[PDB]
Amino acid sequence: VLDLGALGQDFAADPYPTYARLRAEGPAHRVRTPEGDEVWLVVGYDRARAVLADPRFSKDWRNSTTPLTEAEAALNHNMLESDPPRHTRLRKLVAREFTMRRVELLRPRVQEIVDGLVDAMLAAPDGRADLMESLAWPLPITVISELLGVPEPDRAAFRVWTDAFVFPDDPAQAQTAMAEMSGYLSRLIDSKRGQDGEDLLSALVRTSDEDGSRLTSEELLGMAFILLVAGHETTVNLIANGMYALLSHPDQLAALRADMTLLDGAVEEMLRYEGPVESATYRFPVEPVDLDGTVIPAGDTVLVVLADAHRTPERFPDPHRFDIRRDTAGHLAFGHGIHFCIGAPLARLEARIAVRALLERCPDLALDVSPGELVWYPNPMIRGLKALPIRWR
């Protein structure tokens, strides 16, 4: 059992050599997370993509031998932690809200949010700012809160709970945040009842109240929860990891500046090169699964290392090169299979507008620290920075 916690911040800042060393030995490996959990790692692009869509690897915790606390189980009835037919039923309820054509209707508002955030950032007299606090945090939480009807005075506490899910000071802090967020979301759901709101949460409340078999009260809470959480840390870190990739590769930043039509491909390579999802969410084999002689027993926890899949040289030649013109087709930053990210059009819209605004409105935009001075969070599932100091003229 490889102890990942004994590797320190070096593994948090640069986990790729560790994953690559494992991939040379095999596709499946028993590890111990820095937090102390014994899980399986699936490495290698071909194996990673296959396991993500393999129905033998369930996402329902009824198939897991890991126990859930009361706070964890209260938020567990969501589409990401379900199999068919429950997953099919839950995703159908909101699939129309997140299509490309429906998300495109949010472009004027997303552009307005980015414009105002860049306005306040450019007001700095020294021309310096933390891109995390100035743009990477507020943009996604503002977009998803307006969509789901989360009032502004409640959004600050929502980020604190999210922070406790990724980098808790102690395991009890993560449990308290889950219990507090569940209590808040239930109160928020109750506040929509009978108010004739037209936000997404108001519509879900009416759907659940009209037919509890189509959306139970537990699944109503789980739906609000997963829609608000699954896209927060990921979108925040895509903007930050992507801008870090651009600013730490000046040749690519200048190429994008000279030809802004490469914007969409650059964002795709940001997902490929430094995607926010280091490893996919929990998967449990319903039966023993043989992966090239390595048998993963039923009920064990399996983490698909998307970060290693994106550095497999047979799939992405010269994998450690950040190339905004690279053929990025087939990356797993949004997953693969029935659980493929429902928010991918919205995430791409937010990232594309944010990156374009920073390049067009920050003359001589630059990383205000050395790459070695940046600090990465030690979470096996999320790849994200503590801060992104930047400067401009």
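Residue indices: 1-based, along the sequence shown.
Averaged over their C-alpha atoms, the temperature factors of 377 to 385 and 5 to 13 are higher for 5 to 13.
For the pair 42 to 50 and 355 to 363, the record assigns the higher mean C-alpha temperature factor to 355 to 363. Among 71, 94, 114, 201, the highest C-alpha B-factor in the deposited entry belongs to 71. In this structure the maximum Cα B-factor among 84, 275, 168, 299 is found at 168. Looking at the C-alpha B-factors along this chain, the one for residue 37 belongs to the highest third. Residue 127: CA B factor in the highest third of modelled residues in this chain (values from the PDB entry). When the modelled residues of the chain are ordered by their C-alpha B factor, residue 329 lands in the middle third. In the deposited entry, the Cα temperature factor of residue 31 sits in the top third of values across the chain's modelled residues. Placement of the Cα temperature factor of residue 158 within the chain: highest third of the modelled residues, per the deposited record.
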